[PDB]
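Structure first, commentary second.
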Amino acid sequence: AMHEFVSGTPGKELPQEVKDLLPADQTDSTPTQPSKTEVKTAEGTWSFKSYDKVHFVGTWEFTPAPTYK
């Protein structure tokens, strides 16, 4: 079983901090969870949504950093 990640936020590509969480392949199913489900970047927060199914595709969503006005 192999894992892959995708962004579920329109127009936002995955950052390296998310790609660094990709699990290893499972040897010859239930997905391996990422080590953490929230990643902070300079621009905001990425949150793991879920896997959909062997290839497991894990969707991450982005929330921009809050602005103060």
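Naming works like this for the structure tokens: A, B, ... for the chains as they're shown, residue 1 at the start of each chain, ligands 1 onward in shown order.
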
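Look at residue 19 (chain A): the protein and nucleic acid residues within 12 Å of it, using only C-alpha atoms and passing over chain neighbours fewer than 6 places away, are residues 3, 4, 5, 6, 7, 13, 34, 35, 36, 39, 46, 48, 58, 59 and 60 of chain A.
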
Would you write out those residues with N, CA, C and O atoms, as a PDB file, in the first residue's frame?
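Saved as result_1.pdb:
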```pdb
ATOM      1  N   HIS A   3       0.971   5.607  -0.012  1.00  0.00           N
ATOM      2  CA  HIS A   3       0.304   6.831   0.383  1.00  0.00           C
ATOM      3  C   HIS A   3       0.705   7.953  -0.568  1.00  0.00           C
ATOM      4  O   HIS A   3       1.831   8.036  -1.057  1.00  0.00           O
ATOM      5  N   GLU A   4      -0.222   8.891  -0.779  1.00  0.00           N
ATOM      6  CA  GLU A   4       0.088  10.129  -1.504  1.00  0.00           C
ATOM      7  C   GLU A   4      -0.759  11.223  -0.839  1.00  0.00           C
ATOM      8  O   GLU A   4      -1.820  10.947  -0.266  1.00  0.00           O
ATOM      9  N   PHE A   5      -0.295  12.451  -0.931  1.00  0.00           N
ATOM     10  CA  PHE A   5      -0.994  13.599  -0.381  1.00  0.00           C
ATOM     11  C   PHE A   5      -1.451  14.525  -1.496  1.00  0.00           C
ATOM     12  O   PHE A   5      -0.832  14.617  -2.558  1.00  0.00           O
ATOM     13  N   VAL A   6      -2.537  15.263  -1.219  1.00  0.00           N
ATOM     14  CA  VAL A   6      -3.064  16.252  -2.157  1.00  0.00           C
ATOM     15  C   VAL A   6      -3.576  17.432  -1.346  1.00  0.00           C
ATOM     16  O   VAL A   6      -4.029  17.268  -0.212  1.00  0.00           O
ATOM     17  N   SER A   7      -3.530  18.626  -1.953  1.00  0.00           N
ATOM     18  CA  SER A   7      -4.217  19.785  -1.363  1.00  0.00           C
ATOM     19  C   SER A   7      -5.677  19.779  -1.778  1.00  0.00           C
ATOM     20  O   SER A   7      -5.996  19.659  -2.961  1.00  0.00           O
ATOM     21  N   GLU A  13      -0.893  24.947  -3.269  1.00  0.00           N
ATOM     22  CA  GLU A  13      -0.097  23.732  -3.395  1.00  0.00           C
ATOM     23  C   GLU A  13       0.487  23.321  -2.057  1.00  0.00           C
ATOM     24  O   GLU A  13       0.715  24.150  -1.174  1.00  0.00           O
ATOM     25  N   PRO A  34      -0.317  10.230   9.209  1.00  0.00           N
ATOM     26  CA  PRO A  34       0.791  11.159   9.337  1.00  0.00           C
ATOM     27  C   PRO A  34       1.215  11.300  10.837  1.00  0.00           C
ATOM     28  O   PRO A  34       0.437  11.087  11.751  1.00  0.00           O
ATOM     29  N   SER A  35       2.468  11.685  11.060  1.00  0.00           N
ATOM     30  CA  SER A  35       2.942  11.859  12.439  1.00  0.00           C
ATOM     31  C   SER A  35       2.228  12.977  13.163  1.00  0.00           C
ATOM     32  O   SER A  35       2.167  12.973  14.395  1.00  0.00           O
ATOM     33  N   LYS A  36       1.800  13.983  12.435  1.00  0.00           N
ATOM     34  CA  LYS A  36       0.963  15.017  13.026  1.00  0.00           C
ATOM     35  C   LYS A  36      -0.049  15.356  11.951  1.00  0.00           C
ATOM     36  O   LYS A  36       0.132  15.133  10.765  1.00  0.00           O
ATOM     37  N   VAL A  39       0.147  21.275  10.530  1.00  0.00           N
ATOM     38  CA  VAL A  39       1.442  21.805  10.137  1.00  0.00           C
ATOM     39  C   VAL A  39       1.313  23.318  10.064  1.00  0.00           C
ATOM     40  O   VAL A  39       0.450  23.787   9.342  1.00  0.00           O
ATOM     41  N   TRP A  46      -1.869  24.136   7.816  1.00  0.00           N
ATOM     42  CA  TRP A  46      -2.372  23.018   7.050  1.00  0.00           C
ATOM     43  C   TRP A  46      -2.908  21.961   8.021  1.00  0.00           C
ATOM     44  O   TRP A  46      -2.241  21.608   8.994  1.00  0.00           O
ATOM     45  N   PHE A  48      -4.842  18.070   8.270  1.00  0.00           N
ATOM     46  CA  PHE A  48      -5.134  16.841   7.579  1.00  0.00           C
ATOM     47  C   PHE A  48      -6.615  16.529   7.672  1.00  0.00           C
ATOM     48  O   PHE A  48      -7.178  16.535   8.760  1.00  0.00           O
ATOM     49  N   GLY A  58      -4.343  11.193   0.869  1.00  0.00           N
ATOM     50  CA  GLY A  58      -4.640  11.990   2.028  1.00  0.00           C
ATOM     51  C   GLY A  58      -4.759  13.467   1.659  1.00  0.00           C
ATOM     52  O   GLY A  58      -3.825  14.042   1.106  1.00  0.00           O
ATOM     53  N   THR A  59      -5.918  14.048   1.955  1.00  0.00           N
ATOM     54  CA  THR A  59      -6.178  15.463   1.644  1.00  0.00           C
ATOM     55  C   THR A  59      -5.818  16.339   2.830  1.00  0.00           C
ATOM     56  O   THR A  59      -6.227  16.052   3.956  1.00  0.00           O
ATOM     57  N   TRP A  60      -5.090  17.435   2.529  1.00  0.00           N
ATOM     58  CA  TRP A  60      -4.788  18.466   3.480  1.00  0.00           C
ATOM     59  C   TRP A  60      -5.454  19.772   3.037  1.00  0.00           C
ATOM     60  O   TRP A  60      -5.529  20.047   1.837  1.00  0.00           O
TER      61      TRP A  60
END
```

All strand (DSSP E or B) residues (DSSP, backbone) inside chain A, as a PyMOL selection string: chain A and resi 2-7+38-40+44-52+55-64

Write out the residues from the selection above, keeping N, CA, C and O atoms, as a compact mmCIF listing (two decimals), in the first residue's frame.
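Output saved as out_26.txt:
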```txt
# COMPACT_ATOMS: atom_id res chain seq x y z
N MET A 2 0.53 2.18 -0.84
CA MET A 2 1.29 3.41 -0.85
C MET A 2 0.36 4.58 -0.53
O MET A 2 -0.87 4.55 -0.74
N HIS A 3 0.97 5.61 -0.01
CA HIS A 3 0.30 6.83 0.38
C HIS A 3 0.70 7.95 -0.57
O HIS A 3 1.83 8.04 -1.06
N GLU A 4 -0.22 8.89 -0.78
CA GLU A 4 0.09 10.13 -1.50
C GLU A 4 -0.76 11.22 -0.84
O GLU A 4 -1.82 10.95 -0.27
N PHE A 5 -0.29 12.45 -0.93
CA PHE A 5 -0.99 13.60 -0.38
C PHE A 5 -1.45 14.53 -1.50
O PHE A 5 -0.83 14.62 -2.56
N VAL A 6 -2.54 15.26 -1.22
CA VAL A 6 -3.06 16.25 -2.16
C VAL A 6 -3.58 17.43 -1.35
O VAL A 6 -4.03 17.27 -0.21
N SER A 7 -3.53 18.63 -1.95
CA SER A 7 -4.22 19.79 -1.36
C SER A 7 -5.68 19.78 -1.78
O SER A 7 -6.00 19.66 -2.96
N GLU A 38 -1.54 18.58 11.91
CA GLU A 38 -1.51 20.01 11.74
C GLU A 38 -0.09 20.41 11.53
O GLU A 38 0.80 19.96 12.27
N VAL A 39 0.15 21.27 10.53
CA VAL A 39 1.44 21.81 10.14
C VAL A 39 1.31 23.32 10.06
O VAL A 39 0.45 23.79 9.34
N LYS A 40 2.20 24.06 10.68
CA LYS A 40 2.25 25.51 10.54
C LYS A 40 3.32 25.92 9.57
O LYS A 40 4.44 25.39 9.55
N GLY A 44 0.32 30.21 7.08
CA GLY A 44 -0.91 29.74 7.70
C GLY A 44 -0.75 28.34 8.29
O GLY A 44 0.30 27.98 8.80
N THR A 45 -1.86 27.61 8.24
CA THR A 45 -1.95 26.30 8.89
C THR A 45 -2.51 25.30 7.90
O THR A 45 -3.53 25.55 7.26
N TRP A 46 -1.87 24.14 7.82
CA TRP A 46 -2.37 23.02 7.05
C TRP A 46 -2.91 21.96 8.02
O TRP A 46 -2.24 21.61 8.99
N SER A 47 -4.10 21.44 7.71
CA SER A 47 -4.78 20.46 8.56
C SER A 47 -5.15 19.25 7.73
O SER A 47 -5.75 19.36 6.65
N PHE A 48 -4.84 18.07 8.27
CA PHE A 48 -5.13 16.84 7.58
C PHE A 48 -6.62 16.53 7.67
O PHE A 48 -7.18 16.54 8.76
N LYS A 49 -7.23 16.26 6.54
CA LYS A 49 -8.66 15.97 6.53
C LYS A 49 -8.96 14.51 6.72
O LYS A 49 -9.59 14.15 7.72
N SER A 50 -8.50 13.66 5.81
CA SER A 50 -8.71 12.23 5.86
C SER A 50 -8.05 11.58 4.65
O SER A 50 -7.65 12.26 3.71
N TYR A 51 -7.96 10.26 4.69
CA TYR A 51 -7.61 9.46 3.54
C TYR A 51 -8.84 8.94 2.81
O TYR A 51 -9.85 8.61 3.42
N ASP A 52 -8.69 8.81 1.50
CA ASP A 52 -9.65 8.06 0.68
C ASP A 52 -8.84 7.06 -0.15
O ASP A 52 -7.81 7.38 -0.78
N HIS A 55 -3.83 2.39 -3.00
CA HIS A 55 -3.37 3.76 -2.88
C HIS A 55 -4.27 4.49 -1.93
O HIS A 55 -5.48 4.50 -2.10
N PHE A 56 -3.67 5.12 -0.93
CA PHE A 56 -4.38 5.98 0.00
C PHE A 56 -3.98 7.42 -0.32
O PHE A 56 -2.83 7.77 -0.22
N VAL A 57 -5.00 8.24 -0.64
CA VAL A 57 -4.82 9.62 -0.94
C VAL A 57 -5.25 10.47 0.24
O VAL A 57 -6.45 10.43 0.60
N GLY A 58 -4.34 11.19 0.87
CA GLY A 58 -4.64 11.99 2.03
C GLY A 58 -4.76 13.47 1.66
O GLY A 58 -3.83 14.04 1.11
N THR A 59 -5.92 14.05 1.95
CA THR A 59 -6.18 15.46 1.64
C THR A 59 -5.82 16.34 2.83
O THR A 59 -6.23 16.05 3.96
N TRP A 60 -5.09 17.44 2.53
CA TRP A 60 -4.79 18.47 3.48
C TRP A 60 -5.45 19.77 3.04
O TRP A 60 -5.53 20.05 1.84
N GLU A 61 -5.90 20.57 4.00
CA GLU A 61 -6.58 21.86 3.75
C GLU A 61 -5.79 22.97 4.42
O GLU A 61 -5.27 22.80 5.52
N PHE A 62 -5.78 24.15 3.80
CA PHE A 62 -5.05 25.31 4.27
C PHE A 62 -5.99 26.37 4.82
O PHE A 62 -6.99 26.69 4.19
N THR A 63 -5.58 26.97 5.94
CA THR A 63 -6.24 28.12 6.53
C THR A 63 -5.19 29.25 6.60
O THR A 63 -4.17 29.09 7.26
N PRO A 64 -5.43 30.39 5.96
CA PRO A 64 -4.45 31.47 6.04
C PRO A 64 -4.27 31.97 7.46
O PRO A 64 -5.21 31.97 8.24
```

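In this model, the gap between CA of residue 25 (chain A) and CA of residue 9 (chain A) comes to 25.2 Å.
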
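The gap separating CA of residue 32 (chain A) from CA of residue 10 (chain A) is 25.4 Å, in Å to one decimal.
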
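Running DSSP on the backbone gives alpha helix (DSSP H) for these residues within chain A: residues 16, 17, 18 and 19 of chain A.
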
Selection export as a PDB file, in the first residue's frame, atoms kept: N, CA and C atoms:
```
ATOM      1  N   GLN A  16       6.504  21.911   1.684  1.00  0.00           N
ATOM      2  CA  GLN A  16       7.417  20.846   2.052  1.00  0.00           C
ATOM      3  C   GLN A  16       7.124  20.301   3.437  1.00  0.00           C
ATOM      4  N   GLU A  17       6.658  21.135   4.354  1.00  0.00           N
ATOM      5  CA  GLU A  17       6.401  20.681   5.718  1.00  0.00           C
ATOM      6  C   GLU A  17       5.302  19.625   5.763  1.00  0.00           C
ATOM      7  N   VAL A  18       4.360  19.667   4.812  1.00  0.00           N
ATOM      8  CA  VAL A  18       3.375  18.607   4.680  1.00  0.00           C
ATOM      9  C   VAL A  18       3.959  17.392   3.974  1.00  0.00           C
ATOM     10  N   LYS A  19       4.657  17.590   2.846  1.00  0.00           N
ATOM     11  CA  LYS A  19       5.230  16.454   2.116  1.00  0.00           C
ATOM     12  C   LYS A  19       6.228  15.657   3.035  1.00  0.00           C
TER      13      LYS A  19
END
```

For residue 26 (chain A), find every residue with an atom within 8 Å (counting only C-alpha atoms), except residues of its own chain fewer than 2 positions away, and show them as number ranges by chain. A: 1-2, 24, 28

For those residues, write C-alpha atoms to a file as a PDB file, in the first residue's frame.
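Writing done, so here's selection.pdb:
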```
ATOM      1  CA  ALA A   1       0.000   0.000   0.000  1.00  0.00           C
ATOM      2  CA  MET A   2       1.290   3.414  -0.849  1.00  0.00           C
ATOM      3  CA  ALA A  24       6.260   4.965   4.194  1.00  0.00           C
ATOM      4  CA  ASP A  28       2.494  -6.708   1.306  1.00  0.00           C
TER       5      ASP A  28
END
```

Separation of CA of residue 8 (chain A) from CA of residue 31 (chain A) in Å: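 Here the two named atoms are 18.4 Å from each other.
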